[PDB]
>>> print(open('start_32.pdb').read())   # PDB, C-alpha atoms
MODEL        1
ATOM      1  CA  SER U   1      -0.817 -14.605   5.589
ATOM      2  CA  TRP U   2      -2.424 -11.499   7.072
ATOM      3  CA  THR U   3      -4.033  -8.411   5.551
ATOM      4  CA  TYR U   4      -4.818  -5.007   7.017
ATOM      5  CA  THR U   5      -7.699  -3.038   5.505
ATOM      6  CA  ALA U   6      -7.390   0.749   5.236
ATOM      7  CA  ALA U   7     -10.180   1.068   7.807
ATOM      8  CA  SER U   8      -7.630   0.052  10.450
ATOM      9  CA  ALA U   9      -4.619   1.847   8.952
ATOM     10  CA  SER U  10      -3.655   5.511   9.246
ATOM     11  CA  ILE U  11      -5.369   7.736   6.678
ATOM     12  CA  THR U  12      -3.082  10.784   6.528
ATOM     13  CA  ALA U  13      -4.660  13.708   4.649
ATOM     14  CA  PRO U  14      -5.104  14.370   1.841
ATOM     15  CA  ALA U  15      -5.650  10.642   2.385
ATOM     16  CA  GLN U  16      -9.293   9.734   2.941
ATOM     17  CA  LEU U  17     -11.067   6.490   3.821
ATOM     18  CA  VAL U  18     -13.469   5.878   0.939
ATOM     19  CA  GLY U  19     -15.332   2.643   1.628
ATOM     20  CA  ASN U  20     -12.695   0.939   3.745
ATOM     21  CA  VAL U  21     -10.265   2.202   1.097
ATOM     22  CA  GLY U  22      -7.716   4.994   1.503
ATOM     23  CA  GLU U  23      -7.706   8.071  -0.737
ATOM     24  CA  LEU U  24      -4.352   9.760  -1.270
ATOM     25  CA  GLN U  25      -3.939  12.921  -3.332
ATOM     26  CA  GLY U  26      -1.136  15.494  -3.546
ATOM     27  CA  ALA U  27       2.095  15.248  -1.564
ATOM     28  CA  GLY U  28       1.830  14.702   2.179
ATOM     29  CA  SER U  29      -0.819  11.978   2.030
ATOM     30  CA  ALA U  30       0.022   8.545   3.417
ATOM     31  CA  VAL U  31      -1.675   5.273   4.339
ATOM     32  CA  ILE U  32       0.558   3.616   6.918
ATOM     33  CA  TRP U  33      -0.055   0.393   8.824
ATOM     34  CA  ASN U  34       1.234  -0.827  12.190
ATOM     35  CA  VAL U  35       2.362  -4.454  12.405
ATOM     36  CA  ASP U  36       5.286  -6.773  13.148
ATOM     37  CA  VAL U  37       7.227  -9.307  11.077
ATOM     38  CA  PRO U  38       7.325 -12.882  12.497
ATOM     39  CA  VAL U  39      10.809 -13.583  11.126
ATOM     40  CA  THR U  40      13.603 -12.122   9.006
ATOM     41  CA  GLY U  41      12.954 -13.003   5.376
ATOM     42  CA  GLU U  42      11.452 -11.955   2.053
ATOM     43  CA  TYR U  43       7.665 -11.900   2.186
ATOM     44  CA  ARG U  44       5.324 -11.751  -0.799
ATOM     45  CA  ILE U  45       3.497  -8.421  -0.696
ATOM     46  CA  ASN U  46       0.528  -7.478  -2.849
ATOM     47  CA  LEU U  47      -1.311  -4.169  -3.133
ATOM     48  CA  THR U  48      -5.064  -4.009  -3.649
ATOM     49  CA  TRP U  49      -7.151  -1.012  -4.726
ATOM     50  CA  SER U  50     -10.717  -0.145  -5.812
ATOM     51  CA  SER U  51     -11.248   3.433  -6.891
ATOM     52  CA  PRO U  52     -13.899   3.713  -9.643
ATOM     53  CA  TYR U  53     -12.309   6.887 -11.111
ATOM     54  CA  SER U  54      -8.582   7.262 -11.918
ATOM     55  CA  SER U  55      -5.138   7.830 -10.385
ATOM     56  CA  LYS U  56      -1.509   8.599 -11.347
ATOM     57  CA  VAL U  57       2.164   7.856 -10.608
ATOM     58  CA  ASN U  58       2.807   7.101  -6.913
ATOM     59  CA  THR U  59       5.235   5.688  -4.342
ATOM     60  CA  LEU U  60       4.850   2.307  -2.626
ATOM     61  CA  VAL U  61       6.042   2.466   0.989
ATOM     62  CA  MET U  62       6.537  -1.143   2.072
ATOM     63  CA  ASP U  63       8.734  -1.933   5.081
ATOM     64  CA  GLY U  64      10.046   1.629   5.046
ATOM     65  CA  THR U  65      11.217   1.405   1.438
ATOM     66  CA  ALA U  66       9.386   3.462  -1.188
ATOM     67  CA  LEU U  67       9.347   1.960  -4.680
ATOM     68  CA  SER U  68       8.298   3.983  -7.728
ATOM     69  CA  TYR U  69       4.969   2.547  -8.848
ATOM     70  CA  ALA U  70       2.833   4.557 -11.254
ATOM     71  CA  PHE U  71      -0.792   3.690 -12.010
ATOM     72  CA  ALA U  72      -4.435   4.727 -12.105
ATOM     73  CA  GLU U  73      -7.405   3.907  -9.882
ATOM     74  CA  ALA U  74      -9.557   0.920 -10.815
ATOM     75  CA  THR U  75     -12.914   0.082  -9.284
ATOM     76  CA  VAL U  76     -12.179  -3.645  -9.278
ATOM     77  CA  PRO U  77      -9.914  -5.044  -6.499
ATOM     78  CA  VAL U  78      -6.788  -5.179  -8.657
ATOM     79  CA  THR U  79      -3.794  -6.896  -7.057
ATOM     80  CA  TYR U  80      -0.063  -6.536  -7.698
ATOM     81  CA  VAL U  81       2.939  -8.697  -6.780
ATOM     82  CA  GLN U  82       5.927  -7.287  -4.883
ATOM     83  CA  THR U  83       8.665  -9.225  -3.080
ATOM     84  CA  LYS U  84      10.986  -7.672  -0.490
ATOM     85  CA  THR U  85      13.011  -8.595   2.600
ATOM     86  CA  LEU U  86      11.633  -7.598   6.008
ATOM     87  CA  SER U  87      13.195  -7.775   9.472
ATOM     88  CA  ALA U  88      11.774  -9.023  12.764
ATOM     89  CA  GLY U  89      10.101  -6.501  15.049
ATOM     90  CA  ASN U  90       8.018  -3.422  14.273
ATOM     91  CA  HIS U  91       7.872  -1.835  10.820
ATOM     92  CA  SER U  92       5.805   0.642   8.802
ATOM     93  CA  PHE U  93       3.969  -0.447   5.652
ATOM     94  CA  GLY U  94       1.700   1.487   3.310
ATOM     95  CA  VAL U  95       1.436   3.661   0.213
ATOM     96  CA  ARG U  96       2.128   7.400   0.039
ATOM     97  CA  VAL U  97       2.606  10.181  -2.504
ATOM     98  CA  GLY U  98       6.018  11.534  -3.456
ATOM     99  CA  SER U  99       7.123  14.912  -4.792
ATOM    100  CA  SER U 100       8.337  13.780  -8.213
ATOM    101  CA  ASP U 101       5.675  11.068  -8.388
ATOM    102  CA  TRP U 102       2.204  12.146  -7.269
ATOM    103  CA  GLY U 103      -1.195  10.610  -7.945
ATOM    104  CA  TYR U 104      -4.547  10.489  -6.163
ATOM    105  CA  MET U 105      -5.079   6.798  -5.391
ATOM    106  CA  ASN U 106      -7.299   4.838  -3.022
ATOM    107  CA  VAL U 107      -5.934   2.050  -0.830
ATOM    108  CA  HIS U 108      -7.921  -1.153  -0.305
ATOM    109  CA  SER U 109      -5.511  -3.103   1.849
ATOM    110  CA  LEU U 110      -1.877  -4.169   2.219
ATOM    111  CA  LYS U 111      -1.143  -7.909   2.165
ATOM    112  CA  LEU U 112       1.956  -9.740   3.384
ATOM    113  CA  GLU U 113       2.489 -13.497   3.041
ATOM    114  CA  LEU U 114       5.431 -15.823   3.716
ATOM    115  CA  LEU U 115       6.311 -15.922   0.006
ATOM    116  CA  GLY U 116       4.742 -19.239  -0.958
TER     117      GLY U 116
ENDMDL
END
>>> encode(input="start_32.pdb", output="structure tokens")
Amino acid sequence: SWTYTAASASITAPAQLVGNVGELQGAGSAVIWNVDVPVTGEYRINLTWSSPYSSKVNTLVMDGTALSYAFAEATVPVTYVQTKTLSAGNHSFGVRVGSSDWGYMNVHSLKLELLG
């Protein structure tokens, strides 16, 4: 069980680091993280955010895959559950903005556990 705050990730403009929390906007923004997976299995991922304003539809880039996840921006550290299979080695995790699905959202931190 290890987390990686946005203060250590890659804030790609329009992404901005607002209080150890990313800040994506139009297309092109991206909050990617650099890490490695211990083994080859399905880990329990959870996204956390805290943007006291508002957001919009967005894409969840976890392990290279981008799932369509639309939402706003809450001030409270709201968490979400997401299970997916990851491989051993180096991978790219994060949350970016797509063309069809865009929304200015802040990124608190990406979490990845061993699925219970």
>>> atom_distance(input="start_32.pdb", atom1="CA of residue 95 in chain U", atom2="CA of residue 20 in chain U")
14.8 Å
>>> closest_residue(input="start_32.pdb", among="U:84, U:29, U:41, U:68", to="residue 106 in chain U", atoms="all atoms listed in the file")
U:29
>>> atom_distance(input="start_32.pdb", atom1="CA of residue 104 in chain U", atom2="CA of residue 28 in chain U")
11.3 Å
>>> resolve_selection(input="start_32.pdb", expression="the PyMOL selection byres ((chain U and resi 88-93) around 9)", output="number ranges by chain")
U: 31-41, 60-65, 86-87, 94-95, 110
>>> residues_around(input="start_32.pdb", residues="residue 3 in chain U", least_positions_apart="2", cutoff="8 Å", atoms="all atoms listed in the file", output="short mmCIF file (atom, residue, chain, number, x, y, z; two decimals) with C-alpha atoms, in the coordinates of the input")
data_model
loop_
_atom_site.label_atom_id
_atom_site.label_comp_id
_atom_site.auth_asym_id
_atom_site.auth_seq_id
_atom_site.Cartn_x
_atom_site.Cartn_y
_atom_site.Cartn_z
CA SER U 1 -0.82 -14.60 5.59
CA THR U 5 -7.70 -3.04 5.50
CA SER U 109 -5.51 -3.10 1.85
CA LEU U 110 -1.88 -4.17 2.22
CA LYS U 111 -1.14 -7.91 2.16
CA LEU U 112 1.96 -9.74 3.38
#
>>> closest_residue(input="start_32.pdb", among="U:50, U:78, U:43, U:96", to="residue 21 in chain U", atoms="all atoms listed in the file")
U:50
>>> atom_distance(input="start_32.pdb", atom1="CA of residue 80 in chain U", atom2="CA of residue 45 in chain U")
8.1 Å
>>> closest_residue(input="start_32.pdb", among="U:44, U:54, U:67, U:108", to="residue 8 in chain U", atoms="only C-alpha atoms")
U:108
>>> residues_around(input="start_32.pdb", residues="residue 99 in chain U", least_positions_apart="2", cutoff="12 Å", atoms="all atoms listed in the file", output="list in words")
residues 25, 26, 27, 28, 29, 57, 58, 59, 68, 96, 97, 101, 102 and 103 of chain U
>>> closest_residue(input="start_32.pdb", among="U:82, U:75, U:10, U:16", to="residue 55 in chain U", atoms="all atoms listed in the file")
U:75
>>> closest_residue(input="start_32.pdb", among="U:47, U:7, U:72, U:66", to="residue 113 in chain U", atoms="all atoms listed in the file")
U:47
>>> closest_residue(input="start_32.pdb", among="U:105, U:18, U:9, U:115", to="residue 83 in chain U", atoms="only C-alpha atoms")
U:115
